[PDB]
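One chain comes next, on its own, written out as structure tokens in the form deposited in one PDB entry.
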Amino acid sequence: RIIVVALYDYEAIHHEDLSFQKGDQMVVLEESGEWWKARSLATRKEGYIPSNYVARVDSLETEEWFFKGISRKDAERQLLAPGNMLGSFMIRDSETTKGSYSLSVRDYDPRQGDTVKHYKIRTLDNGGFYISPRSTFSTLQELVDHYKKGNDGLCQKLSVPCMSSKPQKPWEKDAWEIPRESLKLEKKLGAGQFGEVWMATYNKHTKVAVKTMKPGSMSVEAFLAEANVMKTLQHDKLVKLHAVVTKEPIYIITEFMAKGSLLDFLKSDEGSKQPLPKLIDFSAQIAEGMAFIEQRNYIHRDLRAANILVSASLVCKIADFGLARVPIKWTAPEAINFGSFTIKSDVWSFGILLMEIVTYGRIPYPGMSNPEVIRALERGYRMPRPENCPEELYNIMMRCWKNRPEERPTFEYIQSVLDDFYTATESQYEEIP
């Protein structure tokens, strides 16, 4: 006997799936992935539902101010998104204290601008929870209600929970390999050598992006290999691989990033009013993605702003990764002269990418042809520092551009530095007595 409750209003797009609203409760019949067979209680109909739209009744996630599986940096990114003001808060699972919680509040001090402060949450005895040992609480709800009524030792009082967005709907069940007939490629987005990229529609609803491949050099059954491999590498900073069309020419169906490529975005009009901290935030998201790739020991072989895509909410993801196991200004000398290409050469690439982002999509090594570049690189030449670039960010680029491959940093260290670029290590969690 398992009863859940819906967190957002949902509409049926498939045939055997249910429809509900924010607040309606449902019985659970089957657990099998992101889709659960469930019986509604208001309609009493039995349909399939997205498992990330519901949560077990009165089990924390039911509350508006609780956010599961969110990191400290992520909570910082969300609380500064449009729709949030001073005091906009949230409670999340602790990232450094597994089995504990943390409170994140939006504040403003004049000498830095808008900020997000994080307080730890202690829990034992067990009489309840506390942030300051003087004021103790039984449940997290009453705890919230106290600090909501006057800032008892905080840099700001609590106003409203974070402006949570409705999650992206999960892919259709059993729909890995799909009939091509399900597609309506209604706009060409890009074309180049090996294939095209279209904005498409999968069955009337659900927008989608399709990459069509003109065959030849790329084989046939040598593609269900890389497909089934990259399908196992799910990540929030990598572009999601949804479906793949069986018959040749093979179609690759992925999520549709609403604002195209990063290079197009930076060169664009909106992506030029984007301040420096947001660019650093972008490169931190990319670093996070390259760090996940690094943990899995894989290589990208082609890293640049053109291969980074942007969602409508300014989220960066990584596109056709590993398609070099399936154009040199971003390439390290070890991979140019000797064809090395490792995770370290990708660190070099990330250095040039970092150069693109800061220069609003400018061409690396401007005024230089590829020969003029390669001849100068052996001469020990590195790109100068832009007039709007911090010396510390420049030092990161320089570290990425070491002659020795293994003297270069890791994407784990690069991400960490970039994530807390404006925050001293001691300032991460403000501790109040």
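So that there is no doubt, residue numbering starts at 1 and follows the sequence shown. Heads up, when I say rigid core I mean the largest set of C-alphas that superpose within 1.5 Å between the two forms.
There is another form of the same protein, the form deposited in another entry; it is not shown, and what comes next is about it.
For the residues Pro215, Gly260, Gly153, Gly87, superposed on the rigid core between this form and the one not shown, a C-alpha shift of 2 angstroms or more shows up only at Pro215. Taking 2 Å as the criterion, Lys45 counts as shifted between this form and the one not shown: its C-alpha moves by at least this amount when the rigid core is aligned. With the core held fixed, the Cα of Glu412 is displaced between this form and the one not shown by less than 2 Å. Positional change of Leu60 between this form and the one not shown stays under 2 Å at the C-alpha, relative to the superposed core. Panel note: the distance between the CA atoms of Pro275 and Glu426 is smaller in that other deposited form than in this form, the difference being 3 Å or more.
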